[PDB]
>>> print(open('entry_2.pdb').read())   # PDB, C-alpha atoms
ATOM      1  CA  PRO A   1      82.613 102.918 212.619  1.00  0.00           C
ATOM      2  CA  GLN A   2      81.865 103.127 208.971  1.00  0.00           C
ATOM      3  CA  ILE A   3      78.873 105.398 208.319  1.00  0.00           C
ATOM      4  CA  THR A   4      77.055 105.278 204.928  1.00  0.00           C
ATOM      5  CA  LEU A   5      75.151 108.464 204.041  1.00  0.00           C
ATOM      6  CA  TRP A   6      71.697 107.215 202.847  1.00  0.00           C
ATOM      7  CA  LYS A   7      70.394 108.871 205.986  1.00  0.00           C
ATOM      8  CA  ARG A   8      71.490 112.080 207.812  1.00  0.00           C
ATOM      9  CA  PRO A   9      74.554 110.969 209.923  1.00  0.00           C
ATOM     10  CA  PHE A  10      73.382 111.696 213.493  1.00  0.00           C
ATOM     11  CA  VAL A  11      75.344 110.231 216.362  1.00  0.00           C
ATOM     12  CA  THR A  12      75.107 110.209 220.122  1.00  0.00           C
ATOM     13  CA  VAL A  13      77.801 112.393 221.618  1.00  0.00           C
ATOM     14  CA  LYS A  14      78.812 112.980 225.270  1.00  0.00           C
ATOM     15  CA  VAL A  15      79.840 116.587 225.699  1.00  0.00           C
ATOM     16  CA  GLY A  16      81.696 117.812 228.733  1.00  0.00           C
ATOM     17  CA  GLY A  17      79.969 114.791 230.324  1.00  0.00           C
ATOM     18  CA  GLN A  18      76.176 115.177 229.041  1.00  0.00           C
ATOM     19  CA  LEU A  19      74.358 112.947 226.296  1.00  0.00           C
ATOM     20  CA  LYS A  20      73.309 114.731 223.119  1.00  0.00           C
ATOM     21  CA  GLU A  21      72.404 113.954 219.443  1.00  0.00           C
ATOM     22  CA  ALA A  22      74.415 115.680 216.749  1.00  0.00           C
ATOM     23  CA  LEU A  23      74.927 115.735 212.963  1.00  0.00           C
ATOM     24  CA  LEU A  24      78.354 114.742 211.549  1.00  0.00           C
ATOM     25  CA  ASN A  25      78.777 117.651 209.109  1.00  0.00           C
ATOM     26  CA  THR A  26      81.786 117.876 206.866  1.00  0.00           C
ATOM     27  CA  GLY A  27      80.492 121.157 205.495  1.00  0.00           C
ATOM     28  CA  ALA A  28      80.808 122.821 208.943  1.00  0.00           C
ATOM     29  CA  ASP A  29      84.082 124.210 210.288  1.00  0.00           C
ATOM     30  CA  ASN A  30      82.933 124.210 213.908  1.00  0.00           C
ATOM     31  CA  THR A  31      81.120 122.078 216.372  1.00  0.00           C
ATOM     32  CA  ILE A  32      78.080 123.762 218.017  1.00  0.00           C
ATOM     33  CA  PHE A  33      75.527 122.738 220.609  1.00  0.00           C
ATOM     34  CA  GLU A  34      72.375 124.484 221.927  1.00  0.00           C
ATOM     35  CA  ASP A  35      71.257 123.908 225.617  1.00  0.00           C
ATOM     36  CA  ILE A  36      74.384 122.539 227.250  1.00  0.00           C
ATOM     37  CA  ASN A  37      76.101 123.833 230.298  1.00  0.00           C
ATOM     38  CA  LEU A  38      79.902 123.949 230.193  1.00  0.00           C
ATOM     39  CA  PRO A  39      82.012 125.110 233.120  1.00  0.00           C
ATOM     40  CA  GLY A  40      84.896 127.544 233.060  1.00  0.00           C
ATOM     41  CA  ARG A  41      85.728 130.576 231.080  1.00  0.00           C
ATOM     42  CA  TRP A  42      84.460 131.221 227.493  1.00  0.00           C
ATOM     43  CA  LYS A  43      85.225 133.881 224.835  1.00  0.00           C
ATOM     44  CA  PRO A  44      82.411 135.409 222.774  1.00  0.00           C
ATOM     45  CA  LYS A  45      82.695 134.476 219.037  1.00  0.00           C
ATOM     46  CA  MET A  46      80.920 135.842 215.966  1.00  0.00           C
ATOM     47  CA  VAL A  47      79.926 133.204 213.492  1.00  0.00           C
ATOM     48  CA  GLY A  48      77.874 132.904 210.274  1.00  0.00           C
ATOM     49  CA  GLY A  49      77.466 136.169 208.274  1.00  0.00           C
ATOM     50  CA  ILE A  50      74.473 135.545 206.062  1.00  0.00           C
ATOM     51  CA  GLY A  51      71.832 138.131 207.006  1.00  0.00           C
ATOM     52  CA  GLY A  52      73.912 139.291 209.902  1.00  0.00           C
ATOM     53  CA  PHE A  53      76.301 137.558 212.271  1.00  0.00           C
ATOM     54  CA  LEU A  54      75.491 135.182 215.198  1.00  0.00           C
ATOM     55  CA  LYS A  55      77.029 135.588 218.640  1.00  0.00           C
ATOM     56  CA  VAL A  56      77.953 132.372 220.473  1.00  0.00           C
ATOM     57  CA  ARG A  57      80.213 131.304 223.432  1.00  0.00           C
ATOM     58  CA  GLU A  58      83.490 129.502 222.594  1.00  0.00           C
ATOM     59  CA  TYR A  59      84.765 126.964 225.023  1.00  0.00           C
ATOM     60  CA  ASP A  60      88.217 125.544 224.526  1.00  0.00           C
ATOM     61  CA  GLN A  61      89.582 122.072 225.137  1.00  0.00           C
ATOM     62  CA  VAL A  62      86.260 120.503 226.045  1.00  0.00           C
ATOM     63  CA  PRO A  63      86.099 116.745 226.490  1.00  0.00           C
ATOM     64  CA  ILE A  64      83.873 115.105 223.911  1.00  0.00           C
ATOM     65  CA  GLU A  65      83.209 111.405 223.377  1.00  0.00           C
ATOM     66  CA  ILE A  66      81.801 109.785 220.227  1.00  0.00           C
ATOM     67  CA  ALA A  67      81.487 106.023 219.616  1.00  0.00           C
ATOM     68  CA  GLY A  68      83.756 105.405 222.623  1.00  0.00           C
ATOM     69  CA  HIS A  69      86.497 107.771 221.345  1.00  0.00           C
ATOM     70  CA  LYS A  70      87.267 110.441 224.037  1.00  0.00           C
ATOM     71  CA  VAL A  71      88.837 113.500 222.601  1.00  0.00           C
ATOM     72  CA  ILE A  72      89.253 117.135 223.315  1.00  0.00           C
ATOM     73  CA  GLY A  73      88.028 120.004 221.262  1.00  0.00           C
ATOM     74  CA  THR A  74      86.641 123.517 220.778  1.00  0.00           C
ATOM     75  CA  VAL A  75      82.904 123.647 221.340  1.00  0.00           C
ATOM     76  CA  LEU A  76      80.605 126.516 220.544  1.00  0.00           C
ATOM     77  CA  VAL A  77      77.393 127.025 222.530  1.00  0.00           C
ATOM     78  CA  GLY A  78      74.560 128.852 220.929  1.00  0.00           C
ATOM     79  CA  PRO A  79      71.368 128.528 219.008  1.00  0.00           C
ATOM     80  CA  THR A  80      71.442 126.001 216.207  1.00  0.00           C
ATOM     81  CA  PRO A  81      68.630 124.125 214.425  1.00  0.00           C
ATOM     82  CA  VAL A  82      70.325 120.883 215.209  1.00  0.00           C
ATOM     83  CA  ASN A  83      73.562 120.132 217.101  1.00  0.00           C
ATOM     84  CA  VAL A  84      76.561 119.881 214.774  1.00  0.00           C
ATOM     85  CA  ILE A  85      79.854 117.975 214.920  1.00  0.00           C
ATOM     86  CA  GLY A  86      82.125 119.933 212.585  1.00  0.00           C
ATOM     87  CA  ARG A  87      85.507 119.306 211.055  1.00  0.00           C
ATOM     88  CA  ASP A  88      87.283 120.605 214.218  1.00  0.00           C
ATOM     89  CA  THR A  89      85.977 117.580 216.225  1.00  0.00           C
ATOM     90  CA  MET A  90      86.132 115.179 213.201  1.00  0.00           C
ATOM     91  CA  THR A  91      89.924 115.707 212.916  1.00  0.00           C
ATOM     92  CA  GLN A  92      90.357 114.846 216.599  1.00  0.00           C
ATOM     93  CA  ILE A  93      88.482 111.556 216.253  1.00  0.00           C
ATOM     94  CA  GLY A  94      90.430 110.736 213.150  1.00  0.00           C
ATOM     95  CA  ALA A  95      87.391 110.782 210.732  1.00  0.00           C
ATOM     96  CA  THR A  96      87.948 110.541 206.958  1.00  0.00           C
ATOM     97  CA  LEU A  97      85.649 110.537 203.894  1.00  0.00           C
ATOM     98  CA  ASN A  98      86.355 107.484 201.774  1.00  0.00           C
ATOM     99  CA  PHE A  99      85.321 106.312 198.315  1.00  0.00           C
TER     100      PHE A  99
ATOM    101  CA  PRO B 101      90.418 108.599 197.855  1.00  0.00           C
ATOM    102  CA  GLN B 102      90.696 109.065 201.559  1.00  0.00           C
ATOM    103  CA  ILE B 103      90.048 112.712 202.445  1.00  0.00           C
ATOM    104  CA  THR B 104      91.090 114.005 205.894  1.00  0.00           C
ATOM    105  CA  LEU B 105      89.102 117.017 207.130  1.00  0.00           C
ATOM    106  CA  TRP B 106      91.834 119.484 208.407  1.00  0.00           C
ATOM    107  CA  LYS B 107      90.755 121.586 205.393  1.00  0.00           C
ATOM    108  CA  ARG B 108      87.294 122.151 203.807  1.00  0.00           C
ATOM    109  CA  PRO B 109      86.839 119.083 201.471  1.00  0.00           C
ATOM    110  CA  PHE B 110      86.590 120.765 198.013  1.00  0.00           C
ATOM    111  CA  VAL B 111      86.883 118.496 194.959  1.00  0.00           C
ATOM    112  CA  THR B 112      86.780 119.043 191.210  1.00  0.00           C
ATOM    113  CA  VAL B 113      83.593 117.651 189.748  1.00  0.00           C
ATOM    114  CA  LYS B 114      82.462 117.224 186.109  1.00  0.00           C
ATOM    115  CA  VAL B 115      78.793 117.991 186.012  1.00  0.00           C
ATOM    116  CA  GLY B 116      76.703 117.092 182.989  1.00  0.00           C
ATOM    117  CA  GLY B 117      80.195 117.426 181.297  1.00  0.00           C
ATOM    118  CA  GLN B 118      81.413 120.967 182.648  1.00  0.00           C
ATOM    119  CA  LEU B 119      84.336 121.290 185.343  1.00  0.00           C
ATOM    120  CA  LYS B 120      83.369 122.866 188.687  1.00  0.00           C
ATOM    121  CA  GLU B 121      84.735 123.025 192.328  1.00  0.00           C
ATOM    122  CA  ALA B 122      82.347 121.752 195.001  1.00  0.00           C
ATOM    123  CA  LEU B 123      82.214 121.036 198.766  1.00  0.00           C
ATOM    124  CA  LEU B 124      81.740 117.425 199.974  1.00  0.00           C
ATOM    125  CA  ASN B 125      79.086 118.151 202.603  1.00  0.00           C
ATOM    126  CA  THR B 126      77.606 115.356 204.689  1.00  0.00           C
ATOM    127  CA  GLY B 127      75.329 117.892 206.306  1.00  0.00           C
ATOM    128  CA  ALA B 128      73.537 118.598 202.984  1.00  0.00           C
ATOM    129  CA  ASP B 129      70.793 116.323 201.631  1.00  0.00           C
ATOM    130  CA  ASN B 130      71.133 117.632 198.086  1.00  0.00           C
ATOM    131  CA  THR B 131      73.753 118.529 195.526  1.00  0.00           C
ATOM    132  CA  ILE B 132      73.487 122.097 194.192  1.00  0.00           C
ATOM    133  CA  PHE B 133      75.398 124.136 191.668  1.00  0.00           C
ATOM    134  CA  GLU B 134      75.159 127.782 190.610  1.00  0.00           C
ATOM    135  CA  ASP B 135      75.890 128.763 187.009  1.00  0.00           C
ATOM    136  CA  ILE B 136      75.813 125.556 185.086  1.00  0.00           C
ATOM    137  CA  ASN B 137      73.699 124.805 182.089  1.00  0.00           C
ATOM    138  CA  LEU B 138      71.989 121.446 182.044  1.00  0.00           C
ATOM    139  CA  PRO B 139      69.858 120.284 179.100  1.00  0.00           C
ATOM    140  CA  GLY B 140      66.318 118.751 179.096  1.00  0.00           C
ATOM    141  CA  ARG B 141      63.314 119.113 181.376  1.00  0.00           C
ATOM    142  CA  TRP B 142      63.568 120.373 185.000  1.00  0.00           C
ATOM    143  CA  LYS B 143      61.016 120.918 187.633  1.00  0.00           C
ATOM    144  CA  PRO B 144      60.883 123.714 190.124  1.00  0.00           C
ATOM    145  CA  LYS B 145      61.801 122.693 193.738  1.00  0.00           C
ATOM    146  CA  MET B 146      61.414 124.695 196.993  1.00  0.00           C
ATOM    147  CA  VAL B 147      64.357 124.253 199.312  1.00  0.00           C
ATOM    148  CA  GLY B 148      65.737 125.853 202.552  1.00  0.00           C
ATOM    149  CA  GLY B 149      63.050 127.335 204.843  1.00  0.00           C
ATOM    150  CA  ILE B 150      64.994 129.521 207.143  1.00  0.00           C
ATOM    151  CA  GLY B 151      63.912 133.165 206.587  1.00  0.00           C
ATOM    152  CA  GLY B 152      61.778 131.984 203.652  1.00  0.00           C
ATOM    153  CA  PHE B 153      62.134 129.307 200.990  1.00  0.00           C
ATOM    154  CA  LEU B 154      64.501 129.234 197.910  1.00  0.00           C
ATOM    155  CA  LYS B 155      63.306 128.245 194.506  1.00  0.00           C
ATOM    156  CA  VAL B 156      65.697 126.172 192.374  1.00  0.00           C
ATOM    157  CA  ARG B 157      65.495 123.924 189.224  1.00  0.00           C
ATOM    158  CA  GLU B 158      65.757 120.129 189.825  1.00  0.00           C
ATOM    159  CA  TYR B 159      67.369 118.025 187.092  1.00  0.00           C
ATOM    160  CA  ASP B 160      67.124 114.231 187.400  1.00  0.00           C
ATOM    161  CA  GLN B 161      69.633 111.540 186.405  1.00  0.00           C
ATOM    162  CA  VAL B 162      72.420 113.933 185.607  1.00  0.00           C
ATOM    163  CA  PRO B 163      75.861 112.511 184.857  1.00  0.00           C
ATOM    164  CA  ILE B 164      78.409 113.524 187.446  1.00  0.00           C
ATOM    165  CA  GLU B 165      82.043 112.524 187.720  1.00  0.00           C
ATOM    166  CA  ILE B 166      84.311 112.852 190.788  1.00  0.00           C
ATOM    167  CA  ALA B 167      87.893 111.476 191.052  1.00  0.00           C
ATOM    168  CA  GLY B 168      87.243 109.364 187.979  1.00  0.00           C
ATOM    169  CA  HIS B 169      83.983 107.869 189.265  1.00  0.00           C
ATOM    170  CA  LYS B 170      81.109 108.470 186.800  1.00  0.00           C
ATOM    171  CA  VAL B 171      77.694 108.294 188.428  1.00  0.00           C
ATOM    172  CA  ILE B 172      74.139 109.506 187.837  1.00  0.00           C
ATOM    173  CA  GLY B 173      72.297 111.710 190.202  1.00  0.00           C
ATOM    174  CA  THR B 174      69.825 114.493 190.989  1.00  0.00           C
ATOM    175  CA  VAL B 175      71.316 117.946 190.575  1.00  0.00           C
ATOM    176  CA  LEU B 176      69.792 121.216 191.750  1.00  0.00           C
ATOM    177  CA  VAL B 177      70.709 124.488 189.963  1.00  0.00           C
ATOM    178  CA  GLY B 178      70.299 127.647 191.887  1.00  0.00           C
ATOM    179  CA  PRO B 179      72.066 130.293 193.911  1.00  0.00           C
ATOM    180  CA  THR B 180      74.476 128.873 196.472  1.00  0.00           C
ATOM    181  CA  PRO B 181      77.493 130.500 198.077  1.00  0.00           C
ATOM    182  CA  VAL B 182      79.661 127.562 197.166  1.00  0.00           C
ATOM    183  CA  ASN B 183      78.742 124.489 195.070  1.00  0.00           C
ATOM    184  CA  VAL B 184      77.775 121.515 197.225  1.00  0.00           C
ATOM    185  CA  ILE B 185      77.994 117.717 196.787  1.00  0.00           C
ATOM    186  CA  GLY B 186      75.370 116.394 199.106  1.00  0.00           C
ATOM    187  CA  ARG B 187      74.495 112.986 200.484  1.00  0.00           C
ATOM    188  CA  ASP B 188      72.416 112.214 197.319  1.00  0.00           C
ATOM    189  CA  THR B 189      75.648 112.203 195.182  1.00  0.00           C
ATOM    190  CA  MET B 190      77.877 110.744 197.910  1.00  0.00           C
ATOM    191  CA  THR B 191      75.705 107.591 198.156  1.00  0.00           C
ATOM    192  CA  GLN B 192      76.155 107.084 194.379  1.00  0.00           C
ATOM    193  CA  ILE B 193      79.929 107.307 194.594  1.00  0.00           C
ATOM    194  CA  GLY B 194      79.943 104.951 197.529  1.00  0.00           C
ATOM    195  CA  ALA B 195      81.336 107.533 200.077  1.00  0.00           C
ATOM    196  CA  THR B 196      81.517 106.646 203.764  1.00  0.00           C
ATOM    197  CA  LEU B 197      82.630 108.495 206.941  1.00  0.00           C
ATOM    198  CA  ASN B 198      85.161 106.379 208.808  1.00  0.00           C
ATOM    199  CA  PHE B 199      86.841 106.581 212.176  1.00  0.00           C
TER     200      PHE B 199
END
>>> encode(input="entry_2.pdb", output="structure tokens")
Amino acid sequence: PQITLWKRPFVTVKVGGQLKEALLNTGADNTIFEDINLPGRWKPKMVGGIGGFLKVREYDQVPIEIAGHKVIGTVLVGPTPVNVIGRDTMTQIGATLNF
Amino acid sequence: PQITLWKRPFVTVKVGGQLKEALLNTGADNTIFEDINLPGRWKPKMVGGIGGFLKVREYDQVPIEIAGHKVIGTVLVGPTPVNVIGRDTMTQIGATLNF
């Protein structure tokens, strides 16, 4: 797809097999979801740093599908105001900014 | 240009005629710079909301130039950890996300 930016760029994403909405966010290093259940082993990760740090769960090599493109990526699980697709997942889908 | 996202997408931007580095951030509604001096009238704007609100100065129809493209847009001036080019400016330069 070709996504213009007059509106916030939300997309439907299937993550480890469940349907969620998430923001395509070039200002975010990492992809993060709240309220999903991923199997297997995770590592705790400290993220953020403003006002303190946030603890989340890092899951590696998770299957993720966006606009019919199935890829594999690092997913963080933890609280977040909205779900975020960060640059980590954008490189896997082959997303560029163009102008 | 065509910017891949393996690295954080910083670009040089000329804002109201002054050279700054800023992040191309599709997760930000608004463009914001710290420590520039813009002429003319501004209005106060409340932004953010998490942990409180931030007060900034909103300048309208400011000339902005990125990769040789001169455009006009709304610029906020206020504290920000890095300078941000938000969707407001990206729509003016004709920036799309593609994959």
>>> residues_around(input="entry_2.pdb", residues="region 124-138 of chain B", least_positions_apart="4", cutoff="10 Å", atoms="all atoms listed in the file", output="NGL selection string")
(:A and (5-10 or 23-28 or 84-86 or 97)) or (:B and (103 or 108-111 or 115-120 or 142 or 147 or 156-159 or 162 or 173-190 or 195-197))
>>> atom_distance(input="entry_2.pdb", atom1="CA of residue 193 (chain B)", atom2="CA of residue 102 (chain B)")
12.9 Å
>>> atom_distance(input="entry_2.pdb", atom1="CA of residue 148 (chain B)", atom2="CA of residue 51 (chain A)")
14.4 Å
>>> calpha_fit_and_write(input="entry_2.pdb", fixed="chain A", moving="chain B", output="PDB file with C-alpha atoms, in the frame of the given file")
ATOM      1  CA  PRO B 101      82.560 102.940 212.590  1.00  0.00           C
ATOM      2  CA  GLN B 102      81.848 103.167 208.922  1.00  0.00           C
ATOM      3  CA  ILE B 103      78.822 105.405 208.339  1.00  0.00           C
ATOM      4  CA  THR B 104      77.043 105.289 204.951  1.00  0.00           C
ATOM      5  CA  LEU B 105      75.160 108.477 204.034  1.00  0.00           C
ATOM      6  CA  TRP B 106      71.686 107.198 202.820  1.00  0.00           C
ATOM      7  CA  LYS B 107      70.416 108.860 206.028  1.00  0.00           C
ATOM      8  CA  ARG B 108      71.507 112.094 207.808  1.00  0.00           C
ATOM      9  CA  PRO B 109      74.567 110.991 209.928  1.00  0.00           C
ATOM     10  CA  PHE B 110      73.329 111.693 213.509  1.00  0.00           C
ATOM     11  CA  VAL B 111      75.376 110.216 216.370  1.00  0.00           C
ATOM     12  CA  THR B 112      75.105 110.270 220.150  1.00  0.00           C
ATOM     13  CA  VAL B 113      77.824 112.413 221.649  1.00  0.00           C
ATOM     14  CA  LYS B 114      78.874 112.973 225.295  1.00  0.00           C
ATOM     15  CA  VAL B 115      79.806 116.591 225.616  1.00  0.00           C
ATOM     16  CA  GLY B 116      81.672 117.850 228.657  1.00  0.00           C
ATOM     17  CA  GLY B 117      79.914 114.740 230.207  1.00  0.00           C
ATOM     18  CA  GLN B 118      76.140 115.292 229.068  1.00  0.00           C
ATOM     19  CA  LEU B 119      74.439 113.010 226.273  1.00  0.00           C
ATOM     20  CA  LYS B 120      73.296 114.812 223.103  1.00  0.00           C
ATOM     21  CA  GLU B 121      72.383 113.924 219.425  1.00  0.00           C
ATOM     22  CA  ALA B 122      74.451 115.707 216.777  1.00  0.00           C
ATOM     23  CA  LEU B 123      74.977 115.791 212.980  1.00  0.00           C
ATOM     24  CA  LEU B 124      78.367 114.730 211.530  1.00  0.00           C
ATOM     25  CA  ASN B 125      78.762 117.620 209.087  1.00  0.00           C
ATOM     26  CA  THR B 126      81.823 117.881 206.869  1.00  0.00           C
ATOM     27  CA  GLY B 127      80.476 121.149 205.551  1.00  0.00           C
ATOM     28  CA  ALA B 128      80.786 122.819 208.994  1.00  0.00           C
ATOM     29  CA  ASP B 129      84.097 124.187 210.299  1.00  0.00           C
ATOM     30  CA  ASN B 130      82.938 124.193 213.912  1.00  0.00           C
ATOM     31  CA  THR B 131      81.100 122.046 216.409  1.00  0.00           C
ATOM     32  CA  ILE B 132      78.079 123.743 218.014  1.00  0.00           C
ATOM     33  CA  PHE B 133      75.527 122.733 220.592  1.00  0.00           C
ATOM     34  CA  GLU B 134      72.412 124.461 221.927  1.00  0.00           C
ATOM     35  CA  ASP B 135      71.378 123.968 225.554  1.00  0.00           C
ATOM     36  CA  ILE B 136      74.377 122.496 227.236  1.00  0.00           C
ATOM     37  CA  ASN B 137      76.120 123.843 230.262  1.00  0.00           C
ATOM     38  CA  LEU B 138      79.887 123.908 230.137  1.00  0.00           C
ATOM     39  CA  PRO B 139      82.004 125.095 233.081  1.00  0.00           C
ATOM     40  CA  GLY B 140      84.937 127.600 233.133  1.00  0.00           C
ATOM     41  CA  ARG B 141      85.829 130.620 231.026  1.00  0.00           C
ATOM     42  CA  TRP B 142      84.418 131.209 227.498  1.00  0.00           C
ATOM     43  CA  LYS B 143      84.931 133.929 225.032  1.00  0.00           C
ATOM     44  CA  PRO B 144      82.366 135.452 222.764  1.00  0.00           C
ATOM     45  CA  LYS B 145      82.710 134.449 219.046  1.00  0.00           C
ATOM     46  CA  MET B 146      80.934 135.910 215.969  1.00  0.00           C
ATOM     47  CA  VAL B 147      79.927 133.248 213.492  1.00  0.00           C
ATOM     48  CA  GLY B 148      77.734 132.948 210.319  1.00  0.00           C
ATOM     49  CA  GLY B 149      77.482 136.173 208.270  1.00  0.00           C
ATOM     50  CA  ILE B 150      74.559 135.553 206.051  1.00  0.00           C
ATOM     51  CA  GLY B 151      71.793 138.072 206.925  1.00  0.00           C
ATOM     52  CA  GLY B 152      73.928 139.254 209.859  1.00  0.00           C
ATOM     53  CA  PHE B 153      76.296 137.571 212.296  1.00  0.00           C
ATOM     54  CA  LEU B 154      75.462 135.190 215.251  1.00  0.00           C
ATOM     55  CA  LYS B 155      77.033 135.579 218.623  1.00  0.00           C
ATOM     56  CA  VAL B 156      77.939 132.373 220.484  1.00  0.00           C
ATOM     57  CA  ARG B 157      80.190 131.341 223.465  1.00  0.00           C
ATOM     58  CA  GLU B 158      83.450 129.495 222.573  1.00  0.00           C
ATOM     59  CA  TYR B 159      84.754 126.930 225.066  1.00  0.00           C
ATOM     60  CA  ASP B 160      88.249 125.516 224.489  1.00  0.00           C
ATOM     61  CA  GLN B 161      89.604 122.019 225.166  1.00  0.00           C
ATOM     62  CA  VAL B 162      86.269 120.505 226.011  1.00  0.00           C
ATOM     63  CA  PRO B 163      86.064 116.744 226.495  1.00  0.00           C
ATOM     64  CA  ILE B 164      83.914 115.091 223.874  1.00  0.00           C
ATOM     65  CA  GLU B 165      83.198 111.416 223.361  1.00  0.00           C
ATOM     66  CA  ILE B 166      81.763 109.752 220.225  1.00  0.00           C
ATOM     67  CA  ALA B 167      81.408 105.959 219.696  1.00  0.00           C
ATOM     68  CA  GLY B 168      83.731 105.394 222.631  1.00  0.00           C
ATOM     69  CA  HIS B 169      86.447 107.759 221.388  1.00  0.00           C
ATOM     70  CA  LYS B 170      87.287 110.417 224.020  1.00  0.00           C
ATOM     71  CA  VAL B 171      88.873 113.523 222.541  1.00  0.00           C
ATOM     72  CA  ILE B 172      89.378 117.196 223.383  1.00  0.00           C
ATOM     73  CA  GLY B 173      88.103 119.984 221.274  1.00  0.00           C
ATOM     74  CA  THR B 174      86.659 123.473 220.809  1.00  0.00           C
ATOM     75  CA  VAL B 175      82.925 123.612 221.409  1.00  0.00           C
ATOM     76  CA  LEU B 176      80.609 126.492 220.551  1.00  0.00           C
ATOM     77  CA  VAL B 177      77.355 126.966 222.532  1.00  0.00           C
ATOM     78  CA  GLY B 178      74.613 128.854 220.868  1.00  0.00           C
ATOM     79  CA  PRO B 179      71.368 128.573 218.967  1.00  0.00           C
ATOM     80  CA  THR B 180      71.462 125.981 216.200  1.00  0.00           C
ATOM     81  CA  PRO B 181      68.600 124.104 214.583  1.00  0.00           C
ATOM     82  CA  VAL B 182      70.323 120.811 215.174  1.00  0.00           C
ATOM     83  CA  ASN B 183      73.581 120.139 217.076  1.00  0.00           C
ATOM     84  CA  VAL B 184      76.573 119.867 214.753  1.00  0.00           C
ATOM     85  CA  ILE B 185      79.902 117.981 214.898  1.00  0.00           C
ATOM     86  CA  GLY B 186      82.136 119.928 212.610  1.00  0.00           C
ATOM     87  CA  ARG B 187      85.513 119.327 211.025  1.00  0.00           C
ATOM     88  CA  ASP B 188      87.268 120.621 214.216  1.00  0.00           C
ATOM     89  CA  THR B 189      85.954 117.561 216.196  1.00  0.00           C
ATOM     90  CA  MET B 190      86.155 115.126 213.268  1.00  0.00           C
ATOM     91  CA  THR B 191      89.927 115.716 212.889  1.00  0.00           C
ATOM     92  CA  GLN B 192      90.359 114.813 216.594  1.00  0.00           C
ATOM     93  CA  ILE B 193      88.487 111.542 216.223  1.00  0.00           C
ATOM     94  CA  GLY B 194      90.457 110.717 213.124  1.00  0.00           C
ATOM     95  CA  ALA B 195      87.411 110.783 210.713  1.00  0.00           C
ATOM     96  CA  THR B 196      87.955 110.505 206.966  1.00  0.00           C
ATOM     97  CA  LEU B 197      85.660 110.548 203.888  1.00  0.00           C
ATOM     98  CA  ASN B 198      86.356 107.492 201.755  1.00  0.00           C
ATOM     99  CA  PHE B 199      85.279 106.322 198.338  1.00  0.00           C
TER     100      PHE B 199
END
>>> atom_distance(input="entry_2.pdb", atom1="CA of residue 143 (chain B)", atom2="CA of residue 171 (chain B)")
20.9 Å
>>> closest_residue(input="entry_2.pdb", among="A:40, A:65, A:54, A:1", to="chain B", atoms="all atoms listed in the file")
A:1
>>> residues_around(input="entry_2.pdb", residues="residue 69 (chain A)", least_positions_apart="6", cutoff="10 Å", atoms="only C-alpha atoms", output="number ranges by chain")
A: 13, 92-94; B: 199
>>> closest_residue(input="entry_2.pdb", among="A:64, A:46, A:22, A:72", to="chain B", atoms="only C-alpha atoms")
A:22
>>> axis_aligned_box(input="entry_2.pdb", around="region 160-167 of chain B", padding_each_side="4 Å", output="lines of an AutoDock Vina configuration file")
center_x = 77.5
center_y = 112.9
center_z = 188.0
size_x = 28.8
size_y = 10.8
size_z = 14.2
>>> closest_residue(input="entry_2.pdb", among="B:121, B:163, B:152, B:191", to="chain A", atoms="only C-alpha atoms")
B:191
>>> decode(input="entry_2.pdb", residues="region 77-88 of chain A", atoms="N, CA and C atoms", output="PDB file, in the first residue's frame")
ATOM      1  N   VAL A  77       5.349  -6.902  24.709  1.00  0.00           N
ATOM      2  CA  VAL A  77       3.997  -6.902  25.358  1.00  0.00           C
ATOM      3  C   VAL A  77       4.008  -6.180  26.662  1.00  0.00           C
ATOM      4  N   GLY A  78       3.150  -5.182  26.749  1.00  0.00           N
ATOM      5  CA  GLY A  78       3.094  -4.320  27.897  1.00  0.00           C
ATOM      6  C   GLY A  78       2.159  -3.191  27.697  1.00  0.00           C
ATOM      7  N   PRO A  79       1.926  -2.424  28.753  1.00  0.00           N
ATOM      8  CA  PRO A  79       0.976  -1.331  28.643  1.00  0.00           C
ATOM      9  C   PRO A  79       1.389  -0.286  27.593  1.00  0.00           C
ATOM     10  N   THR A  80       0.448   0.178  26.866  1.00  0.00           N
ATOM     11  CA  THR A  80       0.753   1.203  25.855  1.00  0.00           C
ATOM     12  C   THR A  80      -0.553   1.822  25.510  1.00  0.00           C
ATOM     13  N   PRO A  81      -0.570   3.166  25.293  1.00  0.00           N
ATOM     14  CA  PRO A  81      -1.843   3.902  25.098  1.00  0.00           C
ATOM     15  C   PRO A  81      -2.522   3.452  23.879  1.00  0.00           C
ATOM     16  N   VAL A  82      -1.747   3.208  22.803  1.00  0.00           N
ATOM     17  CA  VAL A  82      -2.272   2.495  21.658  1.00  0.00           C
ATOM     18  C   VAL A  82      -1.163   1.494  21.229  1.00  0.00           C
ATOM     19  N   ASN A  83      -1.573   0.510  20.473  1.00  0.00           N
ATOM     20  CA  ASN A  83      -0.621  -0.497  19.942  1.00  0.00           C
ATOM     21  C   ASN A  83       0.232   0.162  18.851  1.00  0.00           C
ATOM     22  N   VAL A  84       1.526  -0.163  18.802  1.00  0.00           N
ATOM     23  CA  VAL A  84       2.469   0.506  17.963  1.00  0.00           C
ATOM     24  C   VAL A  84       3.195  -0.486  17.105  1.00  0.00           C
ATOM     25  N   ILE A  85       3.237  -0.191  15.794  1.00  0.00           N
ATOM     26  CA  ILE A  85       4.190  -0.907  14.874  1.00  0.00           C
ATOM     27  C   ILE A  85       5.406   0.010  14.649  1.00  0.00           C
ATOM     28  N   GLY A  86       6.575  -0.372  15.215  1.00  0.00           N
ATOM     29  CA  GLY A  86       7.746   0.406  15.152  1.00  0.00           C
ATOM     30  C   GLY A  86       8.642   0.059  13.990  1.00  0.00           C
ATOM     31  N   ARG A  87       9.801   0.694  13.965  1.00  0.00           N
ATOM     32  CA  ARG A  87      10.704   0.523  12.827  1.00  0.00           C
ATOM     33  C   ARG A  87      11.196  -0.969  12.657  1.00  0.00           C
ATOM     34  N   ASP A  88      11.379  -1.669  13.779  1.00  0.00           N
ATOM     35  CA  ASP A  88      11.725  -3.064  13.796  1.00  0.00           C
ATOM     36  C   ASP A  88      10.804  -3.873  12.823  1.00  0.00           C
TER      37      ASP A  88
END
